[PDB]
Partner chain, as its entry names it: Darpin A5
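As structure tokens, one chain now follows by itself in the form deposited without the partner chain.
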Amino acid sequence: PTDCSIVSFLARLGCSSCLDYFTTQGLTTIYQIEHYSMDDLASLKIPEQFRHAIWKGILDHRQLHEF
């Protein structure tokens, strides 16, 4: 089943270790992080080095599809 949730997005960026933090927070969809910024992502317990890695892939997703 093709889905746009956060799980598939992390694989695309060669990442799959920060998914657990999203699960324990109640966030399981890319739509939940569409407007979140780098500073807002910090509250999610993710290190700062991962704020630019995950956030960067989210910007490109917007360019491909028009909201």
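Positions refer to the first chain, counted from 1.
If you look for the form deposited with the partner chain bound, you will not find it shown, but the lines that follow are about it.
*Asks:* Considering non-hydrogen atoms and a 4.5 Å limit, does the partner chain approach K56 in the deposited bound form?
*Replies:* Output for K56 is no: heavy atoms all beyond 4.5 Å of the partner chain.
*Asks:* Counting only non-hydrogen atoms and a 4.5 angstroms cut-off, does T23 reach the partner chain in the deposited bound form?
*Replies:* Close contact exists here: in the deposited bound form, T23 approaches the partner chain to within 4.5 Å, heavy atoms only.
*Asks:* How about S43: is it within 4.5 Å of the partner chain in the deposited bound form, going by heavy atoms?
*Replies:* Answer no; every heavy atom of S43 is more than 4.5 Å from the partner chain in the deposited bound form.
*Asks:* Where, within 13-34, is there a heavy atom within 4.5 Å of the partner chain in the deposited bound form? Residue list please.
*Replies:* Result: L13, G14, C15, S16, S17, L19, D20, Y21, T23, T24, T28.
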